[PDB]
Amino acid sequence: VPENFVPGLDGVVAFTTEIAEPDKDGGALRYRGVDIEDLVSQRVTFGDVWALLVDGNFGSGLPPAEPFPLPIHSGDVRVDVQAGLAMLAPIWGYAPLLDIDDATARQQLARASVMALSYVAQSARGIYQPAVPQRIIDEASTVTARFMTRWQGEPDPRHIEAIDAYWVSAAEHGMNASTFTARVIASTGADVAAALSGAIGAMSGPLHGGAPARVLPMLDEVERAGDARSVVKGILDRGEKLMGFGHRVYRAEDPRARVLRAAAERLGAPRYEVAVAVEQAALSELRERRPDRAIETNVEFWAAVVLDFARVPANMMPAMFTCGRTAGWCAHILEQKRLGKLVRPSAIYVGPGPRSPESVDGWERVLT
Amino acid sequence: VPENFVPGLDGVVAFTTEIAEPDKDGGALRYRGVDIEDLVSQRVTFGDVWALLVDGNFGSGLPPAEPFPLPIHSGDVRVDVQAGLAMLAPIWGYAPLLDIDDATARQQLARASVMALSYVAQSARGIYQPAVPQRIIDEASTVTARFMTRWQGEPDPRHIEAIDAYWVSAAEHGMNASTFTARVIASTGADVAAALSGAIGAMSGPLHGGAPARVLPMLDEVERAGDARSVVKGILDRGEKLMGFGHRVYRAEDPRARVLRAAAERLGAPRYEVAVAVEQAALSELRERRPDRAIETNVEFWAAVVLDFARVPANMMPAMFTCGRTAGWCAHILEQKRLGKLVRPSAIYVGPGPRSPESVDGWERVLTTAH
């Protein structure tokens, strides 16, 4: 037993990556050395950012999704895509990562990744309404535009811009619980379909983080009252928790939160005026009751505003975060494939010592 | 900014566990301090050993499976159960692990674990054959007996004992890759359905280990030829590698392999004599060619013989190992829930430095909109 053993691999370095660098001490996020704020400002679509993270160079984009309607209908969009991806291996003949070269692995990843987006659009649209015809979908020119058309039918072009802004900013942010899970499964040599399915499972956790905040009810109280300061004061005074704000992640303002806020004003989001007022009031009050800590806006606050601007429901937002994070997942799965090392930590036994089966409680309730 | 880095968390202590002790130096395996070789010797069914690992005591064994026919037919038995388990949460209303007490999580794990057995039995039986009536299944007593009845229709009692031997010996063997995957997903607060589904995905990997070895073609040849030593010699000479024999896992013979060989002989498996003959020939020839290495019989070798004796096909064997490991997964998922600590390591960036998009190879091929 190591003294002062810290569980959870907290701070332990497991991997070395060339994919992306969250420079928290410098307040910037770079994909293969390219700042995400440059990518969004020059309007690089999510399809190409997927290539940059996975391949390392601008080039072979994310292929158009192929006609394959969703076979899973559970009412939970996370469950539908997680179970749907796992079933792609037998039908598409996905060999284990141990038996394929890097070129095949990438194409399998690109095929399954864009198929995951198609599932989420179908699940969001629901089964109580006919699907969008393929001829209509083919009129779209980008992967993000295809997702909006498959889901909404006649999407607003501004909403398509907002989804690209969100998906690029959420594509890859270092070692997560989900990204770690994807690499652990891939380290076992399993096919890419199972690795992506497991990553979605870890993504569904409340403690994983990065999921858009439940701030829409808060943005309605300010809409009714018309005074952001009083609503923020009330929640704190009444003993409730203020949502979308907390301790800083970067050294300062999160770059993703900055670009998402800039995306809201640039696209004329109706909630933008209220959202800024809530943000100013929430920070003035929170920094006043504890002026010694550093308190900055959570990226999840502006993620909720931008997704809501694109008609994304509250129960669909976690799927949207999963859709963008497929870029980081596939890149890390491919990098883990080249590493060729299995992840196998160790545990230290602190349980009971040797004992006969009869000495254990409840032995008389066992037969044979 | 690295050091003499050893990637892969090799030997790094991540958790402390009270569940089971893989005593590799001592050459024994113990569930909650109870030797597996004592559990099998007294014929404790898989349901009670599931209770021992999760609970810590032999009370409140594994409940009977409820009628719920498999909705997933993909052609891969692993895929059917991995996708089927994940679909259980919306219909059964499983809340996330963060929002339930320990008593509920134990019940949800037991309900889903026995359902995973039901899926594997149904998927193995196949869609080209009417399902076994529930009243026929109800005539069984143990959980293992129900699994064989739901699959085979009229199972042989010896085959049922062969599975209780295998499932107990493969229920828990420490912090393997799949158990680690289950604990990581559970630490995020996700519901037990997703944690079990993720564990099966990591199980499917060829490098996870424990998947029963493909020794059946080799055991077929020795039966035809009758010269076990020659067949072993022939396989090595022409560049192939023998199946089920490699580097040692423990200091010496694996007790899991020992009890499986003992079970194969106790139940009169038709392949036992041919398997012992091959094992003796394999060890003799392998240790002569590499005297400086410790070669031991893999547990996968005798696992394949025992599963084959119980009429388990080759492509069903990886699913059978998944069925047994649900005991260890559920115990570790429950232990992780009480720990209440997210698992998140870190990484060191060694990639390219800051650069503009125009300086990236292939920028000329990115189409961008601009109003």
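Procedures and definitions
Within each chain the first residue of the written sequence is number 1 and the count goes on from 1 in that order, possibly differing from the entry; residues lacking coordinates are omitted. Chains carry letters from A onward and ligands carry numbers from 1 onward, assigned in written order. Neither water nor hydrogens contribute to the side-chain values; these are computed over all heavy atoms in the structure. Every axis corresponds to a line fitted to the C-alpha atoms, with the helix fit spanning only the stretch in contact, and the corresponding angles, defined between N-to-C directions, vary from 0 to 180 degrees. Strands are runs of DSSP state E lasting at least two residues, helices are runs of H or I lasting at least four, and both sets are numbered from the N terminus onward. Should an angle fall under 35 degrees it is called roughly parallel, over 145 degrees roughly antiparallel, and 65 to 115 degrees roughly perpendicular, with every other angle called oblique. Note on convention: near helix rotated counterclockwise from far helix by under a right angle means a left-handed crossing. Clockwise means right-handed. For this analysis, residues touch if any pair of their heavy atoms sits within 4.5 Å. In this classification, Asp, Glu, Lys and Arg are treated as charged, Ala, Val, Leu, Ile, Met, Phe, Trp, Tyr, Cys and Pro as nonpolar, and every other residue, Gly included, as polar. Three exposure classes are used, based on accessible area relative to the maximum for each residue type with a 1.4 Å probe and protein chains only: buried under 20%, partly exposed in between, and exposed over 50%. Salt bridges are counted wherever a side-chain nitrogen of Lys or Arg sits within 4 Å of a carboxyl oxygen of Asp or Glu. An automatic or database domain assignment supplies the residue ranges for each domain. A simple way to read buried area is as the amount of 1.4 Å-probe accessible surface that goes missing from two parts once joined, with both sides added. Residues adjacent in sequence count toward polar contacts only when both atoms are side-chain atoms; beyond that, a polar contact is any pair of N or O atoms within 3.5 Å, and within protein one must be able to donate a hydrogen and the other to accept it. Pairing between strands is defined by DSSP: at least two bridges between them are needed. Aromatic pairing here means that ring centres of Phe, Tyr or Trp (its six-membered ring) are within 6.5 Å. Orientation follows from the plane angle: under 30 degrees is stacked, over 60 is edge-to-face, and everything else is tilted. For a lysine, the NZ atom is tested; for an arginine, the CZ atom; a charge sits over a ring if that atom is within 6 Å of the ring centre and within 35 degrees of the ring normal. Patches here are clusters of residues that have more than 30% relative accessible area and form no salt bridge, with a 9 Å joining cutoff for like charges and a 5 Å cutoff for nonpolar side chains (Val, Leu, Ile, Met, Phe, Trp, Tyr). Values of accessible area rely on a 1.4 Å probe in the Shrake-Rupley scheme; residue burial ignores everything except the protein chains shown. Charge counting follows a simple rule: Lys and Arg are positive, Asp and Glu are negative, and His as well as the terminal groups are ignored. Throughout, a charge is located at the NZ atom of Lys, the CZ atom of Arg, the CG atom of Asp or the CD atom of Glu.

- Regarding how it was determined, this PDB entry cites X-ray crystallography in its header, along with a resolution of 3.30 Å.

Thoughts on the packing of helix α5 (residues 102-125) of chain B against helix α7 (residues 143-152) of chain B
Residues and elements named next belong to chain B.
Stage number 1. Running from N to C, α5 and α7 point in directions that differ by 25°, and their axes come no closer than 8 Å. The pairing of α5 with α7 is recorded here as roughly parallel in orientation. Once α5 is placed against α7, the crossing between them reads as right-handed. Taken together, the residues of α7 that come into contact with α5 (itself represented by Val-114, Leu-117, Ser-118, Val-120, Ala-121, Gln-122, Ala-124 and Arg-125) are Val-143, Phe-147, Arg-150, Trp-151 and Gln-152.
Stage number 2. Residue composition of the contact of α5 with α7, by class: eight nonpolar, three polar and two charged.

As for unusual backbone geometry
All names here are of chain A.
Stage number 1. Even without a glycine there, the phi angle at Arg-311 is positive, about 65°.
Stage number 2. Topologically, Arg-311 is positioned in the loop between α15 (299-309) and α16 (317-339).
Stage number 3. The exposed category is assigned to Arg-311, whose relative accessible area is 61%.
Stage number 4. The residue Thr-368 is not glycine, and still its phi comes out positive at about 55°.
Stage number 5. With respect to the helices, strands and loops of the structure, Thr-368 is situated in the segment after β7 (346-349).

Section: the pattern of salt bridges
Stage number 1. Summed over all chains, the structure comprises 50 salt bridges over all chains.
Stage number 2. Here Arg-78 of chain A and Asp-191 of chain B are joined by a salt bridge, their closest N and O atoms 3.6 Å apart. Placement of the pair is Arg-78 of chain A in helix α3 (residues 77-86) and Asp-191 of chain B in the loop between α9 (177-187) and α10 (192-203), with the two residues belonging to separate chains. Comparing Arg-78 of chain A with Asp-191 of chain B, the two get one shared label, buried.
Stage number 3. For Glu-21 of chain B, the salt bridge goes to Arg-30 of chain B, with nearest N and O atoms at 3.3 Å.
Stage number 4. For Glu-21 of chain B, a relative accessible area of 22% puts it in the partly exposed group.

A look at the domain arrangement of chain A
Residues and elements named next belong to chain A.
Stage number 1. Taken domain by domain, chain A consists of domain 1 (1-209 + 311-368) and domain 2 (210-310).
Stage number 2. Between domain 1 and domain 2, the C-alpha centre-to-centre distance is 27 Å.
Stage number 3. Counting residues at the interface gives 30 residues for domain 1, matched by 23 residues for domain 2.
Stage number 4. Between domain 1 and domain 2, the buried area comes to about 2,400 Å², and carbon and sulfur atoms account for 64% of it.
Stage number 5. Contact with domain 2 buries surface across domain 1, with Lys-24, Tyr-166 and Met-317 losing the most and accounting together for 24% of the total.
Stage number 6. Measuring nitrogen to oxygen at the nearest pair gives 2.8 Å for the salt bridge that ties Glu-37 to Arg-258.
Stage number 7. Inspection of the domain 1/domain 2 interface yields twelve residue pairs in polar contact.
Stage number 8. Looking at the side of domain 1 that touches domain 2, the elements that each hand over two or more residues are β2 (20-23), β3 (28-31), α1 (36-41), α7 (143-152), α8 (157-169) and α16.

Some points on the interface of chain A and chain B
Stage number 1. Taken residue by residue, the interface counts 90 residues in chain A and 96 residues in chain B.
Stage number 2. For the chain A and chain B pair, buried surface summed over both sides reaches about 8,200 Å², with 66% attributable to carbon and sulfur atoms.
Stage number 3. Between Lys-341 of chain A and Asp-10 of chain B there is a salt bridge, with the nearest N and O atoms lying 3.5 Å from each other.
Stage number 4. At the boundary of chain A with chain B, the tally comes to 29 residue pairs in polar contact.
Stage number 5. Among the elements that make up the side of chain A that touches chain B, the one with the highest residue count is helix α9 (residues 177-187) of chain A (six residues).
Stage number 6. Residues that form the side of chain A that touches chain B fall into these classes: 46 nonpolar, 27 polar and 17 charged.
Stage number 7. Pairing analysis gives four bridges linking strand β1 (residues 13-17) of chain A to strand β7 (residues 346-349) of chain B, with the strands arranged parallel. Counterpart to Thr-16 of chain A in the pairing with β7 of chain B is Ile-348 of chain B.

Focus: the sheet that holds β2 of chain A
Stage number 1. Ordered in space as β2-β3-β4 (chain A), the three strands form an open sheet in which the pairing is antiparallel. If you trace the sheet from one side to the other, it starts and ends with β2 and β4 (34-35) of chain A, each paired once.

Thoughts on the packing of aromatic side chains
Stage number 1. Applying the stated criterion across every chain yields a total of 23 aromatic pairs over all chains.
Stage number 2. Ring geometry for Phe-46 of chain A against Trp-167 of chain A: centres 5.3 Å apart, planes inclined by 50°, an arrangement best described as tilted. With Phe-46 of chain A in helix α2 (residues 46-55) and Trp-167 of chain A in helix α8, the pair connects residues that are 121 residues apart, well separated along the chain.
Stage number 3. By relative accessible area, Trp-167 of chain A is classed as buried at 0%.
Stage number 4. Centre to centre, the rings of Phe-68 of chain B and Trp-92 of chain B are 6.2 Å apart; their planes meet at 50°, and the pair counts as tilted. Linking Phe-68 of chain B in the loop between α2 (46-55) and α3 (77-86) with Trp-92 of chain B in helix α4 (residues 88-92), this pair joins segments that are 24 residues apart in sequence.
Stage number 5. By relative accessible area, which is 14% here, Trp-92 of chain B ends up buried.
Stage number 6. An aromatic cluster is present here, built from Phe-15 and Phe-180 of chain A together with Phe-15 and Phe-180 of chain B joined pairwise through their rings.
Stage number 7. Seen from the ring of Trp-92 of chain A, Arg-111 of chain A lies directly overhead, with NZ or CZ sitting 3.9 Å from the centre.

Some words on the environment of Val-77 of chain A
Residue and element names in this part refer to chain A.
Stage number 1. Mapped onto the elements, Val-77 comes out in helix α3.
Stage number 2. Sequence separation between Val-77 and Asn-315 is 238 residues; the distance between their C-alpha atoms is 8.4 Å.
Stage number 3. The residues touching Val-77, leaving out its near neighbours within four places in the chain, are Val-120, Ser-123, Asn-315 and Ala-319.

So, α7 of chain A
In an α-helix, one turn spans 3.6 residues, which is why side chains three or four residues apart end up on the same side.
Residue and element names in this part refer to chain A.
Stage number 1. Burial analysis of α7 places nine of its ten residues in the buried class, the great majority of the element.
Stage number 2. Those residues of α7 lying buried are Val-143, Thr-144, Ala-145, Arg-146, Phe-147, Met-148, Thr-149, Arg-150 and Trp-151.
Stage number 3. In this structure, the buried residues of α7 make contact with α2, α5 (102-125), α6 (134-137), α8 and α16.

Considering a positive patch on the surface
All names here are of chain B.
Stage number 1. Together, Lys-241, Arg-248, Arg-290 and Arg-293 give the surface a local cluster of positive charge.
Stage number 2. Within the secondary structure, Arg-293 sits in the loop between α14 (272-289) and β6 (295-297).
Stage number 3. Of the residues examined, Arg-293 reaches a relative accessible area of 42% and is grouped as partly exposed.

Looking at the environment of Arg-289 of chain A
Residue and element names in this part refer to chain A.
Stage number 1. Inspection of the secondary structure assignment puts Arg-289 in helix α14 (residues 272-289).
Stage number 2. Classification of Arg-289 by relative accessible area gives partly exposed; the value is 43%.
Stage number 3. On a C-alpha basis, the gap between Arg-289 and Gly-8 in space is 32 Å, while along the polypeptide they are 281 residues apart.
Stage number 4. Apart from residues lying up to four places away in sequence, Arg-289 is in contact with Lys-233, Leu-236 and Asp-237.
Stage number 5. Among the polar contacts listed, one links the side chain of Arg-289 to the side chain of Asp-237, at a separation of 2.9 Å.
Stage number 6. At 2.6 Å, the side chain of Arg-289 and the side chain of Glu-285 are in polar contact.

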